[PDB]
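> Below you'll find coords-v7.pdb; it's PDB, C-alpha atoms.
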```pdb
ATOM      1  CA  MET A   1      -0.687   8.900  10.896  1.00  0.00           C
ATOM      2  CA  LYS A   2       1.960  11.381   9.731  1.00  0.00           C
ATOM      3  CA  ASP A   3       2.485   9.922   6.244  1.00  0.00           C
ATOM      4  CA  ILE A   4       0.471  11.471   3.404  1.00  0.00           C
ATOM      5  CA  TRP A   5      -0.318   8.943   0.679  1.00  0.00           C
ATOM      6  CA  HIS A   6      -1.570   9.664  -2.835  1.00  0.00           C
ATOM      7  CA  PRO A   7      -2.733   7.185  -5.487  1.00  0.00           C
ATOM      8  CA  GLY A   8       0.063   6.391  -7.917  1.00  0.00           C
ATOM      9  CA  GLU A   9       2.821   6.877  -5.343  1.00  0.00           C
ATOM     10  CA  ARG A  10       5.651   4.413  -4.808  1.00  0.00           C
ATOM     11  CA  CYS A  11       5.605   2.794  -1.375  1.00  0.00           C
ATOM     12  CA  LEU A  12       6.925  -0.124   0.649  1.00  0.00           C
ATOM     13  CA  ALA A  13       4.306  -2.758   1.411  1.00  0.00           C
ATOM     14  CA  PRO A  14       4.221  -6.306   2.823  1.00  0.00           C
ATOM     15  CA  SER A  15       5.253  -8.668   0.051  1.00  0.00           C
ATOM     16  CA  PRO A  16       2.926 -11.542  -0.906  1.00  0.00           C
ATOM     17  CA  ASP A  17       5.974 -13.813  -1.241  1.00  0.00           C
ATOM     18  CA  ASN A  18       7.375 -13.666   2.297  1.00  0.00           C
ATOM     19  CA  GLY A  19       5.680 -10.728   4.043  1.00  0.00           C
ATOM     20  CA  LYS A  20       8.880  -8.674   4.082  1.00  0.00           C
ATOM     21  CA  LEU A  21       8.798  -5.125   2.756  1.00  0.00           C
ATOM     22  CA  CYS A  22       9.098  -4.679  -1.006  1.00  0.00           C
ATOM     23  CA  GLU A  23       8.576  -1.737  -3.331  1.00  0.00           C
ATOM     24  CA  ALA A  24       5.116  -1.309  -4.855  1.00  0.00           C
ATOM     25  CA  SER A  25       2.656   1.330  -6.067  1.00  0.00           C
ATOM     26  CA  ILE A  26      -0.657   2.617  -4.740  1.00  0.00           C
ATOM     27  CA  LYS A  27      -3.403   1.901  -7.262  1.00  0.00           C
ATOM     28  CA  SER A  28      -6.186   3.466  -5.180  1.00  0.00           C
ATOM     29  CA  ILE A  29      -6.972   4.716  -1.674  1.00  0.00           C
ATOM     30  CA  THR A  30     -10.353   4.093  -0.024  1.00  0.00           C
ATOM     31  CA  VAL A  31     -11.914   5.377   3.201  1.00  0.00           C
ATOM     32  CA  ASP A  32     -14.950   3.478   4.466  1.00  0.00           C
ATOM     33  CA  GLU A  33     -17.839   4.122   6.833  1.00  0.00           C
ATOM     34  CA  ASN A  34     -15.849   2.813   9.811  1.00  0.00           C
ATOM     35  CA  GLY A  35     -13.211   5.458   9.075  1.00  0.00           C
ATOM     36  CA  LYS A  36     -10.598   2.830   8.223  1.00  0.00           C
ATOM     37  CA  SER A  37      -8.327   3.686   5.290  1.00  0.00           C
ATOM     38  CA  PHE A  38      -6.794   1.132   2.947  1.00  0.00           C
ATOM     39  CA  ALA A  39      -4.836   1.177  -0.291  1.00  0.00           C
ATOM     40  CA  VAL A  40      -5.010  -1.227  -3.191  1.00  0.00           C
ATOM     41  CA  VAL A  41      -1.330  -1.948  -3.792  1.00  0.00           C
ATOM     42  CA  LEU A  42       0.145  -3.192  -7.075  1.00  0.00           C
ATOM     43  CA  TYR A  43       3.352  -5.240  -7.009  1.00  0.00           C
ATOM     44  CA  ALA A  44       5.960  -5.762  -9.706  1.00  0.00           C
ATOM     45  CA  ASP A  45       4.295  -8.871 -11.173  1.00  0.00           C
ATOM     46  CA  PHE A  46       0.891  -7.111 -11.084  1.00  0.00           C
ATOM     47  CA  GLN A  47      -0.356  -8.881  -7.967  1.00  0.00           C
ATOM     48  CA  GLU A  48      -2.814  -6.744  -5.993  1.00  0.00           C
ATOM     49  CA  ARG A  49      -3.371  -6.625  -2.237  1.00  0.00           C
ATOM     50  CA  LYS A  50      -5.648  -4.667   0.087  1.00  0.00           C
ATOM     51  CA  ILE A  51      -3.331  -3.076   2.667  1.00  0.00           C
ATOM     52  CA  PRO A  52      -4.348  -0.862   5.620  1.00  0.00           C
ATOM     53  CA  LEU A  53      -2.914   2.588   5.020  1.00  0.00           C
ATOM     54  CA  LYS A  54      -1.010   2.560   8.316  1.00  0.00           C
ATOM     55  CA  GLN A  55       0.861  -0.570   7.181  1.00  0.00           C
ATOM     56  CA  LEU A  56       2.519   1.236   4.259  1.00  0.00           C
ATOM     57  CA  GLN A  57       6.008   2.693   4.634  1.00  0.00           C
ATOM     58  CA  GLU A  58       7.834   5.349   2.644  1.00  0.00           C
ATOM     59  CA  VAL A  59      10.590   4.229   0.291  1.00  0.00           C
ATOM     60  CA  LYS A  60      14.161   4.666   1.539  1.00  0.00           C
TER
END
```
Translate the structure of the given file into structure tokens.


Amino acid sequence: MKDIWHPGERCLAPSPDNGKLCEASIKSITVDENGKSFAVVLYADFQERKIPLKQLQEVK
């Protein structure tokens, strides 16, 4: 809850290949009526995943 995420920012997100962390970029951030926040994350081969915002991690 301490991280502050902006669209366009580099992040670490669960890879679609193996689930391990890999570098990616935030395409958009959405908050919904339940209050849950998620990012649309874009990976290096242009795959897209819907990731809960709390699952992202800052790049090392």

> Kindly indicate which residue among A:39, A:56, A:51, A:44 lies nearest to residue A:24, using all atoms listed in the file for the distances.

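Ranked by minimum distance to residue A:24, first place goes to A:44.
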
> Extract, using all atoms listed in the file, all DNA, RNA and protein residues at most 12 Å from residue A:35, discarding same-chain residues fewer than 3 positions from it, and format them as a PyMOL selection string.

chain A and resi 30-32+38+52-53

> Given the file shown, determine the residues that the PyMOL selection byres ((chain A and resi 58) around 6) selects; report them as JSON, numbers by chain.

{"A": [11, 12, 57, 59]}

> For atom CA of residue A:3 and atom CA of residue A:42, quote the distance in Å rounded to one decimal.

18.8 Å

> Of the candidates A:28, A:20, A:15, A:34, which one gets nearest to residue A:47 if we count only C-alpha atoms?

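Among the listed residues, the smallest separation from residue A:47 belongs to A:15.
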
> Find the distance between atom CA of residue A:26 and atom CA of residue A:10 and write it in Å to one decimal.

6.6 Å

> Mind giving me the straight-line distance from atom CA of residue A:46 to atom CA of residue A:2 in Å, one decimal?

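Atom-to-atom, atom CA of residue A:46 and atom CA of residue A:2 are spaced 27.9 Å apart.
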
> Once 4 Å is added on each side, what are the centre and the three edge lengths, in Å to one decimal, of the axis-aligned box enclosing the listed atoms of stretch 25-38 of chain A? Present them as lines of an AutoDock Vina configuration file.


```
center_x = -7.6
center_y = 3.3
center_z = 1.3
size_x = 28.5
size_y = 12.3
size_z = 25.1
```

> Quick one: of A:7, A:13, A:50, A:43, who's nearest to residue A:29, counting only C-alpha atoms?

A:7

> Taking only C-alpha atoms into account, name the residue in A:45, A:1, A:40, A:60 that is nearest to residue A:27.

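Result for the nearest residue to residue A:27: A:40.
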